[PDB]
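model_16.csv, holding CSV, C-alpha atoms and all ligand atoms:
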chain,number,residue,atom,x,y,z
A,22,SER,CA,-29.1,37.0,-18.0
A,23,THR,CA,-26.9,37.3,-20.9
A,24,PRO,CA,-26.7,35.3,-24.1
A,25,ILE,CA,-23.6,33.4,-22.9
A,26,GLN,CA,-25.4,32.6,-19.5
A,27,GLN,CA,-28.4,31.2,-21.4
A,28,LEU,CA,-26.2,29.0,-23.6
A,29,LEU,CA,-24.1,27.7,-20.6
A,30,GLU,CA,-27.3,26.9,-18.7
A,31,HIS,CA,-28.4,24.9,-21.7
A,32,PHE,CA,-25.1,23.0,-21.9
A,33,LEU,CA,-25.1,22.4,-18.2
A,34,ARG,CA,-28.6,20.9,-18.2
A,35,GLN,CA,-27.6,18.6,-21.1
A,36,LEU,CA,-24.3,17.6,-19.4
A,37,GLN,CA,-26.1,16.8,-16.0
A,38,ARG,CA,-28.6,14.5,-17.8
A,39,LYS,CA,-25.5,12.3,-18.5
A,40,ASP,CA,-25.0,11.9,-14.7
A,41,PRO,CA,-28.4,10.5,-13.4
A,42,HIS,CA,-26.9,9.4,-10.1
A,43,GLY,CA,-25.5,12.9,-9.4
A,44,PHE,CA,-22.0,11.7,-8.8
A,45,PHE,CA,-20.8,15.1,-10.1
A,46,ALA,CA,-23.7,17.2,-8.7
A,47,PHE,CA,-21.8,18.6,-5.7
A,48,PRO,CA,-18.2,19.0,-4.5
A,49,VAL,CA,-16.6,15.7,-3.4
A,50,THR,CA,-16.2,15.7,0.4
A,51,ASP,CA,-13.3,14.1,2.2
A,52,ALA,CA,-15.8,12.1,4.2
A,53,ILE,CA,-17.1,10.4,1.0
A,54,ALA,CA,-13.6,10.2,-0.6
A,55,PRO,CA,-10.7,9.8,1.8
A,56,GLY,CA,-7.9,12.3,1.3
A,57,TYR,CA,-9.6,13.9,-1.7
A,58,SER,CA,-8.7,17.6,-0.9
A,59,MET,CA,-5.0,16.7,-0.4
A,60,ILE,CA,-4.8,14.9,-3.8
A,61,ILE,CA,-7.0,17.2,-6.0
A,62,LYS,CA,-5.7,20.7,-5.9
A,63,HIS,CA,-8.5,22.3,-8.0
A,64,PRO,CA,-11.8,20.6,-7.3
A,65,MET,CA,-14.8,21.1,-9.6
A,66,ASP,CA,-18.4,19.9,-9.9
A,67,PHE,CA,-21.6,20.7,-11.7
A,68,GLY,CA,-23.0,22.6,-8.7
A,69,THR,CA,-20.1,24.9,-8.6
A,70,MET,CA,-20.4,25.4,-12.4
A,71,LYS,CA,-24.0,26.4,-12.0
A,72,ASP,CA,-23.1,29.0,-9.3
A,73,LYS,CA,-20.3,30.3,-11.6
A,74,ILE,CA,-22.9,30.8,-14.5
A,75,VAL,CA,-25.3,32.6,-12.2
A,76,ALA,CA,-22.5,34.8,-10.9
A,77,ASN,CA,-21.5,35.5,-14.5
A,78,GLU,CA,-17.9,34.3,-14.0
A,79,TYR,CA,-17.7,32.5,-17.4
A,80,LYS,CA,-16.9,35.1,-20.0
A,81,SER,CA,-16.5,32.5,-22.9
A,82,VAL,CA,-17.7,29.0,-23.7
A,83,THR,CA,-14.0,28.1,-23.6
A,84,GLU,CA,-13.8,28.8,-19.9
A,85,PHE,CA,-16.9,26.7,-19.2
A,86,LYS,CA,-15.5,23.8,-21.2
A,87,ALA,CA,-12.2,24.0,-19.2
A,88,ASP,CA,-14.1,23.6,-15.9
A,89,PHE,CA,-16.0,20.6,-17.3
A,90,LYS,CA,-12.8,19.0,-18.4
A,91,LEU,CA,-11.2,19.8,-15.0
A,92,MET,CA,-14.0,18.0,-13.3
A,93,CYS,CA,-13.6,14.9,-15.4
A,94,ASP,CA,-9.8,15.0,-15.2
A,95,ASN,CA,-9.9,15.2,-11.4
A,96,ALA,CA,-12.1,12.1,-11.3
A,97,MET,CA,-9.6,10.2,-13.7
A,98,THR,CA,-6.7,11.3,-11.4
A,99,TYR,CA,-8.2,10.4,-8.0
A,100,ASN,CA,-10.0,7.2,-9.1
A,101,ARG,CA,-8.5,4.0,-10.4
A,102,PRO,CA,-9.7,3.0,-13.9
A,103,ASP,CA,-12.0,0.2,-12.7
A,104,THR,CA,-14.3,2.4,-10.6
A,105,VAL,CA,-17.7,3.7,-11.6
A,106,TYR,CA,-16.5,7.3,-11.2
A,107,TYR,CA,-13.5,7.0,-13.5
A,108,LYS,CA,-15.6,5.3,-16.2
A,109,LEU,CA,-18.4,7.8,-16.0
A,110,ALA,CA,-15.9,10.7,-16.1
A,111,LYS,CA,-14.3,9.4,-19.3
A,112,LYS,CA,-17.6,8.7,-20.9
A,113,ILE,CA,-19.1,12.1,-20.2
A,114,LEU,CA,-15.9,14.0,-21.0
A,115,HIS,CA,-16.0,12.7,-24.6
A,116,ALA,CA,-19.8,12.8,-25.0
A,117,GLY,CA,-20.0,16.3,-23.4
A,118,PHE,CA,-17.4,17.8,-25.7
A,119,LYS,CA,-19.2,16.3,-28.7
A,120,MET,CA,-22.5,17.7,-27.6
A,121,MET,CA,-21.1,21.2,-27.2
A,122,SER,CA,-19.6,20.9,-30.7
A,201,LIG,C1,-23.4,10.9,-2.2
A,201,LIG,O1,-23.2,10.3,-3.5
A,201,LIG,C2,-22.0,10.4,-4.1
A,201,LIG,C3,-21.4,11.6,-4.3
A,201,LIG,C4,-20.1,11.7,-4.7
A,201,LIG,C5,-19.3,10.5,-4.8
A,201,LIG,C6,-18.0,10.6,-5.5
A,201,LIG,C7,-17.9,11.4,-6.6
A,201,LIG,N1,-16.7,11.4,-7.3
A,201,LIG,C8,-16.7,12.3,-8.5
A,201,LIG,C9,-15.5,10.7,-7.0
A,201,LIG,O2,-14.5,10.9,-7.6
A,201,LIG,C10,-15.6,9.8,-5.8
A,201,LIG,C11,-14.7,8.9,-5.2
A,201,LIG,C12,-15.2,8.1,-4.2
A,201,LIG,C13,-14.4,7.2,-3.3
A,201,LIG,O3,-14.5,7.4,-2.1
A,201,LIG,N2,-13.6,6.3,-3.9
A,201,LIG,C14,-13.3,6.0,-5.3
A,201,LIG,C15,-11.9,6.0,-5.7
A,201,LIG,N3,-11.2,5.0,-4.8
A,201,LIG,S1,-9.7,4.5,-5.3
A,201,LIG,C16,-8.6,5.8,-5.0
A,201,LIG,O4,-9.4,3.4,-4.4
A,201,LIG,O5,-9.8,4.3,-6.7
A,201,LIG,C17,-11.3,5.4,-3.4
A,201,LIG,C18,-12.8,5.4,-3.0
A,201,LIG,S2,-16.8,8.7,-3.8
A,201,LIG,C19,-16.9,9.8,-5.1
A,201,LIG,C20,-19.9,9.3,-4.6
A,201,LIG,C21,-21.2,9.2,-4.2
A,201,LIG,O6,-21.9,8.1,-3.8
A,201,LIG,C22,-22.0,7.1,-4.8

Write the structure described by the file as structure tokens, please.
Ligand SMILES: COc1ccc(-c2cn(C)c(=O)c3cc(C(=O)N4CCN(S(C)(=O)=O)CC4)sc23)cc1OC
Amino acid sequence: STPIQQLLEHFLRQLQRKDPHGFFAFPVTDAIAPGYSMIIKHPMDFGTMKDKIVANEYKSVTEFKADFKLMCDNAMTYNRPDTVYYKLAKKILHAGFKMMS
């Protein structure tokens, strides 16, 4: 595994620590979130990000950060502001970008 893979694995570990319930661990299913796939055109989650690192699909830190932001933006689009998912998405978006510097 390459230097970028090693760095991204480090960032991903640190980001996932901010989601102890694992709300962002796996793709959101329509069973858990009614109509999700018909509202969110480009789903993303931490599990998919892990698989993309292992497959060496991220060629820059910029691309990784864009998937992280996509994940958070999707949650802030689908969920109303008063939900646990919206609130956590906003919190980890800002904290995660600060952590990655
Ligand atoms: C199995 O554990 C979980 C895994 C995923 C979700 C989940 C993740 N994310 C990121 C979501 O955006 C999300 C939305 C959920 C949902 O069904 N909602 C929240 C938003 N409202 S809304 C549109 O009325 O604001 C509809 C119901 S479940 C879920 C929730 C889980 O249980 C606590």

Worksheet item: Could you list, as a PyMOL selection string, all the residues within 7 Å of ligand LIG 201 (chain A), counting all atoms listed in the file?
Response: chain A and resi 43-45+49+53-55+96+99-101+104+106

Worksheet entry | Spatial neighbours of residue 92 of chain A, max dist 8 Å, all atoms listed in the file, sep filter under 2 positions, as a list in words | residues 64, 65, 66, 88, 89, 90, 94, 95 and 96 of chain A

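Atom CA of residue 42 of chain A lies 21.3 Å from atom CA of residue 29 of chain A.
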
With 3 Å of padding per side, what axis-aligned box (centre and edge lengths, Å, one decimal) covers all the listed atoms of segment 25-35 of chain A? Give it as JSON.
{"center_x": -26.1, "center_y": 26.0, "center_z": -20.9, "size_x": 11.0, "size_y": 20.8, "size_z": 11.4}

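With all atoms listed in the file as the atoms that count, the minimum distance from residue 74 of chain A to the choices A:28, A:91, A:52, A:97 is reached by A:28.
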
Shell around residue 35 of chain A at 12 Å using only C-alpha atoms, local window under 2 positions removed, as a compact mmCIF listing (two decimals) with C-alpha atoms, in the frame of the given file:
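This is the output file result.txt:
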# COMPACT_ATOMS: atom_id res chain seq x y z
CA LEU A 28 -26.20 29.00 -23.60
CA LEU A 29 -24.10 27.70 -20.60
CA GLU A 30 -27.30 26.90 -18.70
CA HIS A 31 -28.40 24.90 -21.70
CA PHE A 32 -25.10 23.00 -21.90
CA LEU A 33 -25.10 22.40 -18.20
CA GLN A 37 -26.10 16.80 -16.00
CA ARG A 38 -28.60 14.50 -17.80
CA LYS A 39 -25.50 12.30 -18.50
CA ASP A 40 -25.00 11.90 -14.70
CA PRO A 41 -28.40 10.50 -13.40
CA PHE A 67 -21.60 20.70 -11.70
CA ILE A 113 -19.10 12.10 -20.20
CA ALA A 116 -19.80 12.80 -25.00
CA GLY A 117 -20.00 16.30 -23.40
CA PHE A 118 -17.40 17.80 -25.70
CA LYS A 119 -19.20 16.30 -28.70
CA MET A 120 -22.50 17.70 -27.60
CA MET A 121 -21.10 21.20 -27.20

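With atom CA of residue 122 of chain A on one side and atom CA of residue 82 of chain A on the other, the separation reads 10.9 Å.
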
Can I get N, CA and C atoms for segment 47-73 of chain A, as an mmCIF file, in the first residue's frame?
data_model
loop_
_atom_site.group_PDB
_atom_site.id
_atom_site.type_symbol
_atom_site.label_atom_id
_atom_site.label_comp_id
_atom_site.auth_asym_id
_atom_site.auth_seq_id
_atom_site.Cartn_x
_atom_site.Cartn_y
_atom_site.Cartn_z
ATOM 1 N N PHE A 47 -22.083 2.356 6.874
ATOM 2 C CA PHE A 47 -22.515 1.545 5.728
ATOM 3 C C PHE A 47 -23.507 2.336 4.892
ATOM 4 N N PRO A 48 -23.695 1.962 3.609
ATOM 5 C CA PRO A 48 -24.683 2.691 2.804
ATOM 6 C C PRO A 48 -26.054 2.740 3.453
ATOM 7 N N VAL A 49 -26.725 3.878 3.355
ATOM 8 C CA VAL A 49 -28.097 4.001 3.846
ATOM 9 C C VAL A 49 -29.010 3.178 2.945
ATOM 10 N N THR A 50 -29.765 2.261 3.531
ATOM 11 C CA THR A 50 -30.720 1.454 2.759
ATOM 12 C C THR A 50 -32.097 2.131 2.736
ATOM 13 N N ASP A 51 -32.878 1.892 1.684
ATOM 14 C CA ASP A 51 -34.236 2.457 1.613
ATOM 15 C C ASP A 51 -35.147 1.910 2.725
ATOM 16 N N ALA A 52 -34.893 0.676 3.159
ATOM 17 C CA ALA A 52 -35.615 0.087 4.291
ATOM 18 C C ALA A 52 -35.460 0.910 5.576
ATOM 19 N N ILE A 53 -34.242 1.396 5.845
ATOM 20 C CA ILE A 53 -33.960 2.225 7.021
ATOM 21 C C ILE A 53 -34.382 3.690 6.806
ATOM 22 N N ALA A 54 -34.282 4.170 5.562
ATOM 23 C CA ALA A 54 -34.587 5.570 5.225
ATOM 24 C C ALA A 54 -35.492 5.657 3.989
ATOM 25 N N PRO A 55 -36.820 5.723 4.205
ATOM 26 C CA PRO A 55 -37.775 5.713 3.097
ATOM 27 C C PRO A 55 -37.461 6.683 1.956
ATOM 28 N N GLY A 56 -37.444 6.144 0.743
ATOM 29 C CA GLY A 56 -37.208 6.924 -0.470
ATOM 30 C C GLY A 56 -35.781 7.420 -0.711
ATOM 31 N N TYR A 57 -34.824 6.955 0.090
ATOM 32 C CA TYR A 57 -33.486 7.558 0.111
ATOM 33 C C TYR A 57 -32.838 7.586 -1.278
ATOM 34 N N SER A 58 -32.849 6.449 -1.973
ATOM 35 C CA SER A 58 -32.177 6.326 -3.276
ATOM 36 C C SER A 58 -32.800 7.183 -4.381
ATOM 37 N N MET A 59 -34.042 7.607 -4.176
ATOM 38 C CA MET A 59 -34.732 8.457 -5.142
ATOM 39 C C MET A 59 -34.515 9.951 -4.879
ATOM 40 N N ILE A 60 -33.949 10.275 -3.715
ATOM 41 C CA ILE A 60 -33.645 11.656 -3.319
ATOM 42 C C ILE A 60 -32.141 11.958 -3.434
ATOM 43 N N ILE A 61 -31.308 11.007 -3.019
ATOM 44 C CA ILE A 61 -29.869 11.199 -2.977
ATOM 45 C C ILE A 61 -29.268 10.475 -4.173
ATOM 46 N N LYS A 62 -28.752 11.257 -5.109
ATOM 47 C CA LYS A 62 -28.297 10.724 -6.387
ATOM 48 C C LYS A 62 -26.911 10.066 -6.325
ATOM 49 N N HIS A 63 -26.060 10.522 -5.400
ATOM 50 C CA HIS A 63 -24.695 10.024 -5.246
ATOM 51 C C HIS A 63 -24.428 9.667 -3.808
ATOM 52 N N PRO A 64 -24.933 8.503 -3.361
ATOM 53 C CA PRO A 64 -24.724 8.083 -1.968
ATOM 54 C C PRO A 64 -23.256 7.871 -1.615
ATOM 55 N N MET A 65 -22.915 8.097 -0.349
ATOM 56 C CA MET A 65 -21.564 7.833 0.127
ATOM 57 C C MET A 65 -21.627 7.498 1.605
ATOM 58 N N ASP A 66 -20.642 6.728 2.059
ATOM 59 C CA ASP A 66 -20.543 6.294 3.455
ATOM 60 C C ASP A 66 -19.097 5.883 3.720
ATOM 61 N N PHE A 67 -18.749 5.739 4.999
ATOM 62 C CA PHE A 67 -17.390 5.395 5.383
ATOM 63 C C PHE A 67 -16.943 4.002 4.901
ATOM 64 N N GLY A 68 -17.865 3.037 4.819
ATOM 65 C CA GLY A 68 -17.547 1.699 4.319
ATOM 66 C C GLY A 68 -17.130 1.704 2.858
ATOM 67 N N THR A 69 -17.891 2.422 2.037
ATOM 68 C CA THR A 69 -17.560 2.622 0.634
ATOM 69 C C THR A 69 -16.209 3.336 0.509
ATOM 70 N N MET A 70 -15.956 4.352 1.349
ATOM 71 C CA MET A 70 -14.656 5.041 1.333
ATOM 72 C C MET A 70 -13.497 4.093 1.624
ATOM 73 N N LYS A 71 -13.663 3.239 2.634
ATOM 74 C CA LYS A 71 -12.655 2.206 2.933
ATOM 75 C C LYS A 71 -12.357 1.335 1.703
ATOM 76 N N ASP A 72 -13.418 0.858 1.066
ATOM 77 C CA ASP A 72 -13.249 0.004 -0.121
ATOM 78 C C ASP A 72 -12.530 0.751 -1.235
ATOM 79 N N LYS A 73 -12.835 2.038 -1.405
ATOM 80 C CA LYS A 73 -12.149 2.848 -2.417
ATOM 81 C C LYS A 73 -10.660 3.050 -2.092
#
